[PDB]
Amino acid sequence: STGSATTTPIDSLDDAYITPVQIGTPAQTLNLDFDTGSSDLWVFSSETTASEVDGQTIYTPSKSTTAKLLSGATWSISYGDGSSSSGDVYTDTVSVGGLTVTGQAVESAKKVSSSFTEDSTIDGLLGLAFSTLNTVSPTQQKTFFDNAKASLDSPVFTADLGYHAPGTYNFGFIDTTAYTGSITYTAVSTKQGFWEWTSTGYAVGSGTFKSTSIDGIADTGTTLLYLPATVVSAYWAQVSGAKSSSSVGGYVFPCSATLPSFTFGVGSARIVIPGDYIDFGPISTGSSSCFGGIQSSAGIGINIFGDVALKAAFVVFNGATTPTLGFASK
């Protein structure tokens, strides 16, 4: 089997991407944030504290003839950005782009933090990291990909995120028309439960490539590119007027600037992030100070190849017995 679903930016800045997911019988379609940095499929639901729902579409398990309460199971998750959610668990039928999993753990939110409430466009998350990170207790549950894997034509999924435009998540096949040149594959460590890999270095604009190992995670659920302070300083040094602002919470730059590209290495291959991808717009409405898309990972504890990086590539998440990651230009 295979599946193919379009993923759409939630706003004009590509702050996140939503992908429609069918849950239950008859189908209830929710727009979920596909997140290769976590491993829980959770949704706003009829059980979510009413004051914490503000415009989201909810899953109502009582209206699904295939929903079953997973007795005694609870979940609770905290994300790197400080947000959180928790609740109980159903199993139900879940389909993404024509690919169907029966008995998928669907984690129903009883509580969500303010940032989720305040984002009306995201109805929940669909985790695509390794199932070892799943938070369901006392019986850990499998991700949608893990459940689908054996049935897929090939045990892979691909992320093809757009810049200011829709893109695609495919399951079970590699669309050879979706990228240019070749896909370069690179080793993955699953030891922290992430799609963790080591970039071979970077360049700023038309500058020379610096060969240096940068361990980080391919994370579709993180907006920006978080890299070591040395790398980030080197980038922003090429933008007149750019500075790190403690009050804003990162590097900012004059909105009048033309940003240089940023290149990262994948083995001997190179992925180029155009400068415009690194512009996240005014820090507040009407400001001429703009927020940077490349930020320091110092104090996160891990480097994160988030959407800013991933959207410059066609990315293969290869879930073979020994997982690997593939990157191609597009």
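Residues numbered from 1 in each chain as written, not as in the entry; some residues may be left out. Heavy atoms only, no water. Residues with missing side-chain atoms left out of burial classes, pairs and counts.

Judging from the entry metadata, X-ray crystallography is the method by which this structure was determined, and 1.4100 Å is the reported resolution.

## Let's talk about the pattern of salt bridges
What the rule picks out here adds up to two salt bridges. In this structure, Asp14 and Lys311 form a salt bridge, with 2.8 Å as the shortest nitrogen-oxygen distance. One end of the pair, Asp14, is in the loop between β1 (3–9) and β2 (17–23); the other, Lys311, is in the loop between α4 (307–310) and β23 (314–318), with 297 residues separating them in the sequence. Classification of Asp14 as buried rests on a relative accessible area of 0%. The buried category is assigned to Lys311, whose relative accessible area is 1%. Where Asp160 meets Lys330, a salt bridge forms, and the shortest distance between an N and an O atom there is 2.8 Å. Here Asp160 is found in strand β9 (residues 156–160), whereas its partner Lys330 is found in the segment after β24 (324–328), with 170 residues between them in sequence. Here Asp160 falls in the buried class, since its relative accessible area comes to 16%. (Salt bridge = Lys/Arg side-chain N within 4 Å of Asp/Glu carboxyl O. Helix = DSSP H or I, 4+ residues; strand = E, 2+ residues; numbered from the N terminus. Buried < 20%, exposed > 50% of the residue type's maximum accessible area, 1.4 Å probe, protein only.)

## Quick look at the packing of aromatic side chains
This model, assessed by the stated rule, comprises 26 aromatic pairs. A centroid spacing of 4.9 Å and a plane angle of 40 degrees characterise the contact between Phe34 and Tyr169, whose relative ring orientation is tilted. In this pair, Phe34 is assigned in strand β3 (residues 28–35) and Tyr169 in strand β10 (residues 167–171), connecting sequence segments 135 residues apart. Taking the relative accessible area as the measure of exposure, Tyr169 reaches 1% and is therefore buried. Note on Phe264 and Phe305: the rings are 5.5 Å apart at their centroids and 50 degrees apart in plane angle, and the pair reads as tilted. (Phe/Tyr/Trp six-rings, centres within 6.5 Å; stacked < 30°, edge-to-face > 60°.)

## Digging into the pairing of strand β5 (residues 68–78)
Looking at chain direction, β5 and strand β6 (residues 84–96) are connected through seven bridges and run antiparallel. Residue pairing across strands places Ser78 opposite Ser84, the latter belonging to β6. Linkage of β5 to β6, two consecutive antiparallel strands, is achieved through a turn of five residues, within which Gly82 is found at a positive phi near 95 degrees. (Pairing = 2+ DSSP bridges.)

## What about the domain arrangement of the protein chain?
You can read the domains of the protein chain as domain 1 (5–174) and domain 2 (175–330). If you average the C-alpha positions of domain 1 and of domain 2, the two centres end up 25 Å apart. When contributions to the side of domain 1 that touches domain 2 are tallied by element, the ones reaching two or more residues are β3, β9 and β10. A breakdown of the residues in the side of domain 1 that touches domain 2 according to their chemical character gives 18 nonpolar, six polar and six charged. (Domains from an automatic or database assignment. Nonpolar A, V, L, I, M, F, W, Y, C, P; charged D, E, K, R; others polar.)

## As for the sheet that holds strand β20 (residues 289–292)
Within a sheet, adjacent strands bond to each other through the backbone by hydrogen bonds, running parallel or antiparallel. Judged by pairing direction, the sheet is antiparallel, and its four strands sit side by side in the order β15-β16-β20-β19 without closing on themselves. Sheet topology places β15 (243–245) and β19 (279–282) at the edges, where each strand pairs with a single neighbour. Each strand axis lies, on average, 40 degrees off the axis of its neighbour in the sheet, ignoring direction. (Axes fitted to C-alpha atoms, helices over the stretch in contact; angles between N-to-C directions.)

## With respect to the nonpolar core
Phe171, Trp236, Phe262, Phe264, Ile273 and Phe327 are the most contacted members of the largest nonpolar core, which totals 71 residues. By residue number, the principal contributor to this core is helix α3 (residues 229–236), which donates four residues. A domain-level breakdown of this core finds at least three residues from each of domain 1 (5–174) and domain 2 (175–330). Apart from residues lying up to four places away in sequence, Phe327 is in contact with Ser182, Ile183, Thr184, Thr186, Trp197, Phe264, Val266, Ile271, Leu310, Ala313, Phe314 and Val315. Counting residues in each nonpolar core, the second largest holds 17 residues, with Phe44, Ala73, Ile122 and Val136 among its members. (Core = buried A, V, L, I, M, F, W, Y, C linked by side-chain atoms within 4.5 Å. Contact = heavy atoms within 4.5 Å.)

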